[PDB]
file coords_16.txt (compact mmCIF, C-alpha atoms and all ligand atoms)
# COMPACT_ATOMS: atom_id res chain seq x y z
CA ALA R 1 -84.73 56.43 -77.54
CA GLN R 2 -83.90 60.14 -76.62
CA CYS R 3 -81.23 60.50 -79.32
CA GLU R 4 -83.16 58.26 -81.74
CA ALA R 5 -86.29 58.52 -83.88
CA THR R 6 -88.31 56.31 -86.16
CA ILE R 7 -90.00 57.85 -89.18
CA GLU R 8 -92.23 55.86 -91.55
CA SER R 9 -92.87 55.88 -95.26
CA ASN R 10 -95.61 53.82 -97.05
CA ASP R 11 -96.95 53.62 -100.66
CA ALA R 12 -97.54 57.39 -100.83
CA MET R 13 -95.16 60.35 -100.91
CA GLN R 14 -95.12 61.51 -97.31
CA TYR R 15 -93.32 60.61 -94.19
CA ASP R 16 -95.54 60.27 -91.10
CA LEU R 17 -93.41 62.96 -89.41
CA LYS R 18 -93.13 66.30 -91.18
CA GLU R 19 -90.96 67.81 -88.41
CA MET R 20 -88.23 66.32 -86.18
CA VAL R 21 -86.22 67.63 -83.22
CA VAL R 22 -82.80 66.44 -82.14
CA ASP R 23 -82.23 67.09 -78.45
CA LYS R 24 -79.27 69.42 -77.86
CA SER R 25 -77.56 66.96 -75.45
CA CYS R 26 -77.45 64.29 -78.12
CA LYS R 27 -73.92 63.69 -79.30
CA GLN R 28 -75.29 61.45 -82.05
CA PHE R 29 -78.82 60.93 -83.37
CA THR R 30 -80.19 57.81 -85.08
CA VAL R 31 -83.08 57.83 -87.53
CA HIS R 32 -84.76 54.46 -88.27
CA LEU R 33 -86.71 54.59 -91.52
CA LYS R 34 -89.45 51.92 -91.90
CA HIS R 35 -91.31 51.42 -95.20
CA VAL R 36 -94.70 50.21 -93.98
CA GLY R 37 -96.51 50.01 -97.35
CA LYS R 38 -96.49 46.95 -99.71
CA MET R 39 -94.88 48.22 -102.93
CA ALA R 40 -91.40 47.16 -104.01
CA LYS R 41 -88.63 49.80 -104.28
CA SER R 42 -88.71 49.75 -108.13
CA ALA R 43 -92.29 51.08 -107.73
CA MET R 44 -92.24 53.10 -104.48
CA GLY R 45 -88.77 53.10 -102.86
CA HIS R 46 -87.89 55.76 -100.27
CA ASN R 47 -84.88 57.05 -98.30
CA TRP R 48 -84.29 59.93 -95.85
CA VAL R 49 -81.59 62.49 -96.75
CA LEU R 50 -80.71 65.45 -94.52
CA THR R 51 -79.21 68.71 -95.88
CA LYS R 52 -79.21 72.45 -95.25
CA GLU R 53 -82.33 73.95 -96.88
CA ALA R 54 -80.29 75.64 -99.61
CA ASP R 55 -78.59 72.35 -100.53
CA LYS R 56 -81.83 70.30 -100.89
CA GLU R 57 -82.28 70.92 -104.63
CA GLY R 58 -78.62 70.28 -105.61
CA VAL R 59 -78.55 67.07 -103.57
CA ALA R 60 -81.91 65.98 -105.03
CA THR R 61 -80.70 66.77 -108.64
CA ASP R 62 -77.35 64.95 -108.31
CA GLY R 63 -79.18 62.39 -106.21
CA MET R 64 -81.64 61.22 -108.89
CA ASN R 65 -78.59 61.32 -111.26
CA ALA R 66 -76.65 58.96 -108.97
CA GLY R 67 -78.86 55.92 -109.65
CA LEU R 68 -80.38 53.36 -107.29
CA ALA R 69 -77.02 51.67 -106.66
CA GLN R 70 -75.96 54.92 -104.95
CA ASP R 71 -79.33 55.13 -103.10
CA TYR R 72 -79.87 58.25 -105.16
CA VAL R 73 -77.28 60.29 -103.36
CA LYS R 74 -74.16 61.39 -105.20
CA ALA R 75 -71.23 59.40 -103.82
CA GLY R 76 -69.49 61.25 -101.01
CA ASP R 77 -71.56 64.45 -101.44
CA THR R 78 -70.21 67.07 -98.89
CA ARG R 79 -73.67 68.62 -98.60
CA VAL R 80 -75.25 65.47 -97.19
CA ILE R 81 -75.24 65.54 -93.41
CA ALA R 82 -76.82 62.01 -93.21
CA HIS R 83 -78.75 59.62 -95.52
CA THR R 84 -80.33 56.15 -95.39
CA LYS R 85 -80.44 53.58 -98.19
CA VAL R 86 -83.41 53.22 -100.52
CA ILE R 87 -85.83 50.64 -99.07
CA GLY R 88 -89.02 49.00 -100.32
CA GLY R 89 -92.14 47.63 -98.56
CA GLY R 90 -91.47 45.64 -95.41
CA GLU R 91 -87.84 46.93 -95.05
CA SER R 92 -86.04 49.43 -92.86
CA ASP R 93 -82.66 51.22 -92.55
CA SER R 94 -80.99 53.41 -89.95
CA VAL R 95 -78.34 56.15 -89.98
CA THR R 96 -76.58 57.66 -86.99
CA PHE R 97 -75.02 61.10 -87.45
CA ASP R 98 -72.91 63.58 -85.60
CA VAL R 99 -75.10 66.15 -83.86
CA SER R 100 -72.23 68.70 -83.92
CA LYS R 101 -72.81 68.98 -87.69
CA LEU R 102 -76.05 70.82 -86.83
CA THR R 103 -76.05 74.55 -86.10
CA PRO R 104 -78.45 75.03 -83.14
CA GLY R 105 -81.65 76.78 -84.19
CA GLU R 106 -81.09 76.19 -87.92
CA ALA R 107 -83.90 74.44 -89.78
CA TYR R 108 -82.62 71.57 -91.92
CA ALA R 109 -84.34 69.85 -94.78
CA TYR R 110 -84.94 66.09 -94.79
CA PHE R 111 -86.36 64.64 -97.99
CA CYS R 112 -86.50 61.59 -100.24
CA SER R 113 -84.25 61.74 -103.37
CA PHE R 114 -85.89 58.72 -105.06
CA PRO R 115 -87.09 59.68 -108.63
CA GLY R 116 -90.14 61.94 -108.48
CA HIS R 117 -90.07 61.99 -104.66
CA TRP R 118 -87.90 65.01 -103.59
CA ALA R 119 -90.44 67.85 -103.72
CA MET R 120 -93.23 65.90 -102.05
CA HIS R 121 -91.57 63.55 -99.67
CA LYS R 122 -89.99 66.00 -97.21
CA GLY R 123 -89.94 67.57 -93.73
CA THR R 124 -87.84 69.73 -91.39
CA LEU R 125 -85.44 68.75 -88.56
CA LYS R 126 -83.98 71.16 -85.95
CA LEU R 127 -81.71 70.86 -82.96
CA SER R 128 -83.49 71.46 -79.65
CA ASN R 129 -86.30 73.48 -78.82
CA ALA D 1 -82.11 30.08 -125.03
CA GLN D 2 -79.56 27.19 -125.43
CA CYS D 3 -79.77 25.50 -122.02
CA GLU D 4 -81.32 28.43 -120.23
CA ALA D 5 -84.88 29.74 -119.96
CA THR D 6 -86.33 32.82 -118.41
CA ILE D 7 -89.73 32.84 -116.81
CA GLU D 8 -91.58 35.91 -115.46
CA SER D 9 -94.10 36.13 -112.61
CA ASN D 10 -96.28 39.19 -112.12
CA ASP D 11 -98.72 40.11 -109.23
CA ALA D 12 -101.27 37.53 -110.13
CA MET D 13 -99.91 34.05 -109.45
CA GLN D 14 -98.66 33.09 -112.85
CA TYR D 15 -95.75 32.47 -115.04
CA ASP D 16 -95.56 33.45 -118.71
CA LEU D 17 -94.42 29.86 -119.60
CA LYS D 18 -96.52 26.72 -119.01
CA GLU D 19 -94.15 24.13 -120.52
CA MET D 20 -90.37 24.17 -120.32
CA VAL D 21 -88.42 21.76 -122.41
CA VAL D 22 -84.78 21.03 -121.43
CA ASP D 23 -82.92 19.84 -124.54
CA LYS D 24 -80.95 16.63 -124.39
CA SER D 25 -77.66 18.23 -125.65
CA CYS D 26 -77.66 20.24 -122.38
CA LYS D 27 -75.41 19.12 -119.54
CA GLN D 28 -76.69 21.93 -117.30
CA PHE D 29 -79.83 24.07 -117.49
CA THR D 30 -80.24 27.55 -115.95
CA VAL D 31 -83.62 29.15 -115.14
CA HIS D 32 -83.80 32.88 -114.71
CA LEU D 33 -86.91 33.89 -112.80
CA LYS D 34 -87.91 37.51 -113.11
CA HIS D 35 -90.64 38.82 -110.87
CA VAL D 36 -92.00 41.48 -113.20
CA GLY D 37 -94.72 42.48 -110.71
CA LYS D 38 -94.41 45.57 -108.43
CA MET D 39 -95.32 44.37 -104.88
CA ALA D 40 -92.74 43.57 -102.21
CA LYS D 41 -91.91 39.88 -101.40
CA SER D 42 -93.76 40.04 -98.03
CA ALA D 43 -96.87 40.77 -100.09
CA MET D 44 -96.29 38.89 -103.36
CA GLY D 45 -93.03 36.92 -103.18
CA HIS D 46 -92.44 34.34 -105.95
CA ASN D 47 -89.84 31.56 -106.53
CA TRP D 48 -89.44 28.59 -108.90
CA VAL D 49 -89.18 25.03 -107.57
CA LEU D 50 -88.76 21.84 -109.59
CA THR D 51 -89.96 18.48 -108.22
CA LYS D 52 -91.41 15.31 -109.80
CA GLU D 53 -95.19 15.72 -110.36
CA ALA D 54 -96.01 13.18 -107.65
CA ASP D 55 -94.13 15.30 -105.11
CA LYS D 56 -95.46 18.84 -105.93
CA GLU D 57 -97.91 19.05 -102.96
CA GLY D 58 -95.66 17.46 -100.27
CA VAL D 59 -92.84 19.84 -101.14
CA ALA D 60 -95.24 22.78 -101.30
CA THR D 61 -96.76 21.97 -97.88
CA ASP D 62 -93.44 21.43 -96.05
CA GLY D 63 -92.23 24.51 -97.83
CA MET D 64 -95.16 26.63 -96.56
CA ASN D 65 -94.21 25.42 -93.08
CA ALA D 66 -90.52 26.35 -93.77
CA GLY D 67 -91.39 30.07 -94.03
CA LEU D 68 -90.40 33.05 -96.13
CA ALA D 69 -86.90 33.10 -94.69
CA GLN D 70 -86.33 29.51 -95.87
CA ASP D 71 -87.54 30.57 -99.36
CA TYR D 72 -90.60 28.46 -98.68
CA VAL D 73 -88.68 25.25 -99.31
CA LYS D 74 -87.76 22.87 -96.51
CA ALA D 75 -84.00 22.82 -96.16
CA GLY D 76 -82.32 19.96 -98.00
CA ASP D 77 -85.52 18.44 -99.22
CA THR D 78 -84.56 15.34 -101.17
CA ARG D 79 -87.56 15.89 -103.45
CA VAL D 80 -86.39 19.31 -104.72
CA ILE D 81 -84.32 18.95 -107.88
CA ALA D 82 -83.73 22.74 -108.14
CA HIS D 83 -85.23 25.94 -106.69
CA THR D 84 -84.54 29.67 -106.63
CA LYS D 85 -84.96 31.92 -103.62
CA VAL D 86 -88.24 33.84 -103.08
CA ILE D 87 -87.83 37.27 -104.74
CA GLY D 88 -89.75 40.51 -104.72
CA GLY D 89 -91.00 42.93 -107.32
CA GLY D 90 -88.37 44.18 -109.72
CA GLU D 91 -86.01 41.30 -108.80
CA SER D 92 -84.47 38.31 -110.52
CA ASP D 93 -82.82 35.06 -109.42
CA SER D 94 -81.25 32.10 -111.16
CA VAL D 95 -80.60 28.45 -110.42
CA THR D 96 -78.53 26.15 -112.59
CA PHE D 97 -79.01 22.37 -112.35
CA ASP D 98 -77.46 19.23 -113.75
CA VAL D 99 -79.62 17.62 -116.39
CA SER D 100 -78.51 14.06 -115.32
CA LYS D 101 -81.11 14.40 -112.54
CA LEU D 102 -83.88 14.34 -115.18
CA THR D 103 -85.27 11.17 -116.77
CA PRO D 104 -86.07 10.97 -120.55
CA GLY D 105 -89.69 11.95 -121.40
CA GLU D 106 -90.71 12.10 -117.66
CA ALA D 107 -92.90 15.12 -116.86
CA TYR D 108 -91.72 17.22 -113.92
CA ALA D 109 -93.59 19.90 -112.00
CA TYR D 110 -92.35 23.46 -111.52
CA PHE D 111 -94.15 25.77 -109.14
CA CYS D 112 -93.87 28.71 -106.78
CA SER D 113 -94.14 27.43 -103.18
CA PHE D 114 -95.24 30.75 -101.71
CA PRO D 115 -98.50 29.66 -99.90
CA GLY D 116 -101.43 29.21 -102.25
CA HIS D 117 -99.42 30.09 -105.45
CA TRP D 118 -98.60 26.44 -106.19
CA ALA D 119 -102.27 25.40 -106.23
CA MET D 120 -103.53 27.99 -108.65
CA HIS D 121 -101.35 27.19 -111.67
CA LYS D 122 -99.67 24.19 -113.30
CA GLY D 123 -96.35 24.19 -115.21
CA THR D 124 -94.53 21.18 -116.69
CA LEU D 125 -90.86 20.60 -117.55
CA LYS D 126 -89.70 17.66 -119.76
CA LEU D 127 -86.49 16.63 -121.45
CA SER D 128 -86.69 17.33 -125.26
CA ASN D 129 -90.39 16.16 -125.71
CU CU R 201 -89.94 58.76 -101.30
CU CU R 202 -95.48 32.87 -106.39

call {"tool": "encode", "arguments": {"input": "coords_16.txt", "output": "structure tokens"}}
result
Amino acid sequence: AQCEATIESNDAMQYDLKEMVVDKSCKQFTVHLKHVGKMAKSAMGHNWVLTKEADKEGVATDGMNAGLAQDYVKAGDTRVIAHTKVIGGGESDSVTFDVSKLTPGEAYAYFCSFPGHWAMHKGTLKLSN
Amino acid sequence: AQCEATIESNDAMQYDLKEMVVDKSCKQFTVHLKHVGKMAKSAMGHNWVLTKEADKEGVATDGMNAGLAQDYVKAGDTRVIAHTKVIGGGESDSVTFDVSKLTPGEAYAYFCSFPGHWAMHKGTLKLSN
């Protein structure tokens, strides 16, 4: 694991982890998102999107505008550090990102941009400590 | 319409159609299954299978033993005239078949072979009635 983490979503609007740490010696980090509840993505789909705190709302706004075929992230958004696909019950998806995109010590927002989800389904990630 | 019919399955094991009539001016017929329920396929997957009424249980049984990955139909089962894949909530799938495989006035059985679902409903398909 070390430069890898699994976070879970279910049929409610919270990840099991509300905080995450990337170890400073990680060159890359992989997040595995598992949807462990039984609802289909048309009813309760979820993703994991990482941005700087200040970019969360713009990414969530343009995100819900992007539609499910874009996994509710605006195509090629420069403000998205990393994002998974939208998954439904029984599915999972991973994303590996460049740890040099993270300023050490800065708190970063990770949230779900699925319709209705962005303000509830969220947490914070930081590079080591 | 024409030589196509759409049938919907929800999160109770039933179709909105109990009798499907293929018309004799059709060379091919296309069924569009829509799973209008909201649960994921691991929880409430549905499909549509067409066999002769004498073969409904044998195909269903071997199908149950074929597993979700094999769309609950045994691969290359000579008794299956047509089948879709097992789909989840919010999904759709279609199968087109050649009407020369059907005999005048003979009643055929359509069913979902997802374990149990076949035994709690009955649906018939005939050529022009
Ligand atoms: Cu969500
Ligand atoms: Cu079914």

call {"tool": "closest_residue", "arguments": {"input": "coords_16.txt", "among": "D:8, D:106, D:53, D:91", "to": "chain R", "atoms": "all atoms listed in the file"}}
result
D:91

call {"tool": "residues_around", "arguments": {"input": "coords_16.txt", "residues": "residue 85 (chain R)", "least_positions_apart": "3", "cutoff": "7 Å", "atoms": "all atoms listed in the file", "output": "PyMOL selection string"}}
result
chain R and resi 47+71+93

call {"tool": "axis_aligned_box", "arguments": {"input": "coords_16.txt", "around": "region 66-84 of chain D", "padding_each_side": "6 Å", "output": "lines of an AutoDock Vina configuration file"}}
result
center_x = -86.9
center_y = 24.2
center_z = -101.0
size_x = 21.1
size_y = 29.8
size_z = 26.4

call {"tool": "calpha_fit_and_write", "arguments": {"input": "coords_16.txt", "fixed": "chain R", "moving": "chain D", "output": "mmCIF file with C-alpha atoms, in the frame of the given file"}}
result
data_model
loop_
_atom_site.group_PDB
_atom_site.id
_atom_site.type_symbol
_atom_site.label_atom_id
_atom_site.label_comp_id
_atom_site.auth_asym_id
_atom_site.auth_seq_id
_atom_site.Cartn_x
_atom_site.Cartn_y
_atom_site.Cartn_z
ATOM 1 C CA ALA D 1 -86.911 58.269 -78.300
ATOM 2 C CA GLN D 2 -83.785 59.681 -76.499
ATOM 3 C CA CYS D 3 -81.517 60.529 -79.443
ATOM 4 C CA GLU D 4 -83.289 58.335 -81.942
ATOM 5 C CA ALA D 5 -86.426 58.779 -84.045
ATOM 6 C CA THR D 6 -88.311 56.460 -86.295
ATOM 7 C CA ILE D 7 -90.072 57.668 -89.386
ATOM 8 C CA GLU D 8 -92.336 55.583 -91.665
ATOM 9 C CA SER D 9 -92.974 55.955 -95.403
ATOM 10 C CA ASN D 10 -95.874 54.208 -97.106
ATOM 11 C CA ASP D 11 -96.784 53.931 -100.880
ATOM 12 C CA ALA D 12 -97.779 57.516 -101.234
ATOM 13 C CA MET D 13 -94.730 59.759 -100.927
ATOM 14 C CA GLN D 14 -94.907 60.722 -97.310
ATOM 15 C CA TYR D 15 -93.478 60.379 -93.920
ATOM 16 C CA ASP D 16 -95.526 60.208 -90.720
ATOM 17 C CA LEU D 17 -93.308 62.972 -89.164
ATOM 18 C CA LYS D 18 -93.005 66.526 -90.542
ATOM 19 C CA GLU D 19 -90.673 67.992 -87.893
ATOM 20 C CA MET D 20 -87.832 66.183 -86.165
ATOM 21 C CA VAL D 21 -86.166 67.806 -83.238
ATOM 22 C CA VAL D 22 -82.681 66.565 -82.207
ATOM 23 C CA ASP D 23 -82.162 67.387 -78.518
ATOM 24 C CA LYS D 24 -79.046 69.227 -77.464
ATOM 25 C CA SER D 25 -78.018 66.599 -74.818
ATOM 26 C CA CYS D 26 -77.510 64.182 -77.757
ATOM 27 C CA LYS D 27 -73.989 63.529 -79.005
ATOM 28 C CA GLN D 28 -75.295 61.222 -81.748
ATOM 29 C CA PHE D 29 -78.752 60.851 -83.293
ATOM 30 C CA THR D 30 -80.079 57.712 -85.035
ATOM 31 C CA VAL D 31 -82.980 57.710 -87.530
ATOM 32 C CA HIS D 32 -84.777 54.480 -88.214
ATOM 33 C CA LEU D 33 -86.676 54.636 -91.486
ATOM 34 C CA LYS D 34 -89.361 52.030 -91.939
ATOM 35 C CA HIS D 35 -90.979 51.684 -95.322
ATOM 36 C CA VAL D 36 -94.382 50.492 -94.157
ATOM 37 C CA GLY D 37 -95.723 50.357 -97.732
ATOM 38 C CA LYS D 38 -95.985 47.071 -99.726
ATOM 39 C CA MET D 39 -94.411 47.788 -103.173
ATOM 40 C CA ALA D 40 -90.886 46.743 -104.128
ATOM 41 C CA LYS D 41 -88.060 49.383 -104.188
ATOM 42 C CA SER D 42 -87.937 49.392 -108.034
ATOM 43 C CA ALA D 43 -91.533 50.615 -107.867
ATOM 44 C CA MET D 44 -91.681 52.653 -104.644
ATOM 45 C CA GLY D 45 -88.225 52.824 -103.041
ATOM 46 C CA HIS D 46 -87.785 55.358 -100.202
ATOM 47 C CA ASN D 47 -84.759 56.690 -98.227
ATOM 48 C CA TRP D 48 -84.078 59.565 -95.805
ATOM 49 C CA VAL D 49 -81.494 62.246 -96.608
ATOM 50 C CA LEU D 50 -80.527 65.230 -94.465
ATOM 51 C CA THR D 51 -79.094 68.399 -96.049
ATOM 52 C CA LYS D 52 -79.303 72.132 -95.227
ATOM 53 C CA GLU D 53 -82.536 73.626 -96.672
ATOM 54 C CA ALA D 54 -80.614 75.634 -99.269
ATOM 55 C CA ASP D 55 -79.122 72.413 -100.639
ATOM 56 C CA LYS D 56 -82.244 70.133 -100.813
ATOM 57 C CA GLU D 57 -82.770 70.458 -104.619
ATOM 58 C CA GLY D 58 -79.084 70.242 -105.710
ATOM 59 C CA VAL D 59 -78.610 67.073 -103.683
ATOM 60 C CA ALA D 60 -81.910 65.666 -104.929
ATOM 61 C CA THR D 61 -81.038 66.352 -108.593
ATOM 62 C CA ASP D 62 -77.490 64.917 -108.467
ATOM 63 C CA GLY D 63 -78.965 62.071 -106.508
ATOM 64 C CA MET D 64 -81.584 61.318 -109.204
ATOM 65 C CA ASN D 65 -78.674 61.205 -111.654
ATOM 66 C CA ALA D 66 -76.755 58.854 -109.257
ATOM 67 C CA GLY D 67 -79.371 56.091 -109.693
ATOM 68 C CA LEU D 68 -81.105 53.499 -107.563
ATOM 69 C CA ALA D 69 -77.901 51.552 -107.045
ATOM 70 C CA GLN D 70 -76.235 54.639 -105.527
ATOM 71 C CA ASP D 71 -79.265 55.002 -103.191
ATOM 72 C CA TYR D 72 -80.138 58.087 -105.191
ATOM 73 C CA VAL D 73 -77.419 60.112 -103.490
ATOM 74 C CA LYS D 74 -74.261 61.165 -105.298
ATOM 75 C CA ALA D 75 -71.320 59.413 -103.704
ATOM 76 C CA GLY D 76 -69.511 61.496 -101.101
ATOM 77 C CA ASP D 77 -71.660 64.530 -101.570
ATOM 78 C CA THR D 78 -70.310 67.174 -99.220
ATOM 79 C CA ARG D 79 -73.836 68.547 -98.798
ATOM 80 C CA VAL D 80 -75.275 65.319 -97.318
ATOM 81 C CA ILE D 81 -75.040 65.338 -93.531
ATOM 82 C CA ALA D 82 -76.622 61.846 -93.236
ATOM 83 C CA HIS D 83 -78.649 59.467 -95.433
ATOM 84 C CA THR D 84 -79.979 55.915 -95.360
ATOM 85 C CA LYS D 85 -80.019 53.538 -98.300
ATOM 86 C CA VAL D 86 -83.131 53.270 -100.532
ATOM 87 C CA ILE D 87 -85.312 50.462 -99.099
ATOM 88 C CA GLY D 88 -88.328 48.538 -100.277
ATOM 89 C CA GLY D 89 -91.655 47.560 -98.809
ATOM 90 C CA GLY D 90 -91.462 45.772 -95.491
ATOM 91 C CA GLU D 91 -87.869 46.989 -94.924
ATOM 92 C CA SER D 92 -86.043 49.224 -92.488
ATOM 93 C CA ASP D 93 -82.702 51.048 -92.411
ATOM 94 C CA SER D 94 -80.878 53.248 -89.944
ATOM 95 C CA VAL D 95 -78.236 55.951 -90.037
ATOM 96 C CA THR D 96 -76.574 57.440 -86.987
ATOM 97 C CA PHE D 97 -74.926 60.877 -87.209
ATOM 98 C CA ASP D 98 -72.869 63.171 -85.035
ATOM 99 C CA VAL D 99 -74.868 66.101 -83.750
ATOM 100 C CA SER D 100 -71.781 68.446 -83.901
ATOM 101 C CA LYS D 101 -72.570 68.767 -87.626
ATOM 102 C CA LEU D 102 -75.790 70.636 -86.741
ATOM 103 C CA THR D 103 -75.960 74.343 -85.881
ATOM 104 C CA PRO D 104 -78.194 75.668 -83.013
ATOM 105 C CA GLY D 105 -81.728 76.656 -84.161
ATOM 106 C CA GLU D 106 -80.821 76.217 -87.908
ATOM 107 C CA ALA D 107 -83.564 74.445 -89.880
ATOM 108 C CA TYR D 108 -82.389 71.479 -91.946
ATOM 109 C CA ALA D 109 -84.210 69.621 -94.702
ATOM 110 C CA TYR D 110 -84.859 65.876 -94.705
ATOM 111 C CA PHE D 111 -86.231 64.211 -97.800
ATOM 112 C CA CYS D 112 -86.403 61.052 -99.869
ATOM 113 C CA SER D 113 -84.297 61.534 -103.032
ATOM 114 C CA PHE D 114 -86.082 58.863 -105.051
ATOM 115 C CA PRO D 115 -87.088 60.923 -108.187
ATOM 116 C CA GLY D 116 -90.096 63.143 -107.610
ATOM 117 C CA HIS D 117 -90.543 62.126 -103.892
ATOM 118 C CA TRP D 118 -88.461 65.058 -102.623
ATOM 119 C CA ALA D 119 -90.649 67.647 -104.374
ATOM 120 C CA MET D 120 -93.985 66.489 -103.077
ATOM 121 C CA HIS D 121 -93.384 66.809 -99.328
ATOM 122 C CA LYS D 122 -91.409 68.970 -96.898
ATOM 123 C CA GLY D 123 -89.860 67.845 -93.581
ATOM 124 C CA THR D 124 -87.707 69.920 -91.209
ATOM 125 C CA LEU D 125 -85.126 68.918 -88.586
ATOM 126 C CA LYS D 126 -83.830 71.386 -85.921
ATOM 127 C CA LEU D 127 -81.745 71.156 -82.787
ATOM 128 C CA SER D 128 -84.003 71.434 -79.645
ATOM 129 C CA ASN D 129 -86.337 74.234 -81.050
#

call {"tool": "residues_near_point", "arguments": {"input": "coords_16.txt", "point": "(-78.3, 76.7, -81.3)", "cutoff": "8 Å", "atoms": "all atoms listed in the file", "output": "MDAnalysis selection string"}}
result
chainID R and resid 103:106 127:128

call {"tool": "closest_residue", "arguments": {"input": "coords_16.txt", "among": "R:87, R:69, R:64, R:21", "to": "chain D", "atoms": "all atoms listed in the file"}}
result
R:87

call {"tool": "atom_distance", "arguments": {"input": "coords_16.txt", "atom1": "CA of residue 77 (chain D)", "atom2": "CA of residue 98 (chain D)"}}
result
16.6 Å

call {"tool": "residues_around", "arguments": {"input": "coords_16.txt", "residues": "residue 79 (chain D)", "least_positions_apart": "2", "cutoff": "8 Å", "atoms": "only C-alpha atoms", "output": "list in words"}}
result
residues 51, 52, 55, 59, 77 and 81 of chain D

call {"tool": "residues_near_ligand", "arguments": {"input": "coords_16.txt", "ligand": "ligand CU 202 (chain R)", "cutoff": "12 Å", "atoms": "all atoms listed in the file", "output": "JSON, numbers by chain"}}
result
{"D": [7, 8, 9, 10, 11, 12, 13, 14, 15, 33, 34, 35, 36, 37, 39, 40, 41, 42, 43, 44, 45, 46, 47, 48, 49, 60, 64, 68, 71, 72, 84, 85, 86, 87, 88, 89, 110, 111, 112, 113, 114, 115, 116, 117, 118, 119, 120, 121, 122]}

call {"tool": "write_last_selection", "arguments": {"input": "coords_16.txt", "atoms": "C-alpha atoms", "output": "tab-separated table (two decimals), in the coordinates of the input"}}
result
chain	number	residue	atom	x	y	z
D	7	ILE	CA	-89.73	32.84	-116.81
D	8	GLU	CA	-91.58	35.91	-115.46
D	9	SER	CA	-94.10	36.13	-112.61
D	10	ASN	CA	-96.28	39.19	-112.12
D	11	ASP	CA	-98.72	40.11	-109.23
D	12	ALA	CA	-101.27	37.53	-110.13
D	13	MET	CA	-99.91	34.05	-109.45
D	14	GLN	CA	-98.66	33.09	-112.85
D	15	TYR	CA	-95.75	32.47	-115.04
D	33	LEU	CA	-86.91	33.89	-112.80
D	34	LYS	CA	-87.91	37.51	-113.11
D	35	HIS	CA	-90.64	38.82	-110.87
D	36	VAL	CA	-92.00	41.48	-113.20
D	37	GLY	CA	-94.72	42.48	-110.71
D	39	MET	CA	-95.32	44.37	-104.88
D	40	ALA	CA	-92.74	43.57	-102.21
D	41	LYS	CA	-91.91	39.88	-101.40
D	42	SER	CA	-93.76	40.04	-98.03
D	43	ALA	CA	-96.87	40.77	-100.09
D	44	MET	CA	-96.29	38.89	-103.36
D	45	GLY	CA	-93.03	36.92	-103.18
D	46	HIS	CA	-92.44	34.34	-105.95
D	47	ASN	CA	-89.84	31.56	-106.53
D	48	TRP	CA	-89.44	28.59	-108.90
D	49	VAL	CA	-89.18	25.03	-107.57
D	60	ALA	CA	-95.24	22.78	-101.30
D	64	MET	CA	-95.16	26.63	-96.56
D	68	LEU	CA	-90.40	33.05	-96.13
D	71	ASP	CA	-87.54	30.57	-99.36
D	72	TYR	CA	-90.60	28.46	-98.68
D	84	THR	CA	-84.54	29.67	-106.63
D	85	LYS	CA	-84.96	31.92	-103.62
D	86	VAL	CA	-88.24	33.84	-103.08
D	87	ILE	CA	-87.83	37.27	-104.74
D	88	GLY	CA	-89.75	40.51	-104.72
D	89	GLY	CA	-91.00	42.93	-107.32
D	110	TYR	CA	-92.35	23.46	-111.52
D	111	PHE	CA	-94.15	25.77	-109.14
D	112	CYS	CA	-93.87	28.71	-106.78
D	113	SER	CA	-94.14	27.43	-103.18
D	114	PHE	CA	-95.24	30.75	-101.71
D	115	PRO	CA	-98.50	29.66	-99.90
D	116	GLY	CA	-101.43	29.21	-102.25
D	117	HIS	CA	-99.42	30.09	-105.45
D	118	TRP	CA	-98.60	26.44	-106.19
D	119	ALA	CA	-102.27	25.40	-106.23
D	120	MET	CA	-103.53	27.99	-108.65
D	121	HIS	CA	-101.35	27.19	-111.67
D	122	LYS	CA	-99.67	24.19	-113.30

call {"tool": "atom_distance", "arguments": {"input": "coords_16.txt", "atom1": "CA of residue 126 (chain R)", "atom2": "CA of residue 66 (chain R)"}}
result
27.1 Å

call {"tool": "residues_around", "arguments": {"input": "coords_16.txt", "residues": "residue 27 (chain R)", "least_positions_apart": "4", "cutoff": "8 Å", "atoms": "all atoms listed in the file", "output": "ChimeraX atom specification"}}
result
/R:3,98-100

call {"tool": "write_last_selection", "arguments": {"input": "coords_16.txt", "atoms": "C-alpha atoms", "output": "compact mmCIF listing (two decimals), in the frame of the given file"}}
result
# COMPACT_ATOMS: atom_id res chain seq x y z
CA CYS R 3 -81.23 60.50 -79.32
CA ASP R 98 -72.91 63.58 -85.60
CA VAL R 99 -75.10 66.15 -83.86
CA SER R 100 -72.23 68.70 -83.92

call {"tool": "closest_residue", "arguments": {"input": "coords_16.txt", "among": "D:65, D:22, D:90, D:97", "to": "chain R", "atoms": "all atoms listed in the file"}}
result
D:90

call {"tool": "closest_residue", "arguments": {"input": "coords_16.txt", "among": "D:107, D:6, D:38, D:26", "to": "chain R", "atoms": "all atoms listed in the file"}}
result
D:38

call {"tool": "atom_distance", "arguments": {"input": "coords_16.txt", "atom1": "CA of residue 62 (chain D)", "atom2": "CA of residue 32 (chain D)"}}
result
23.9 Å
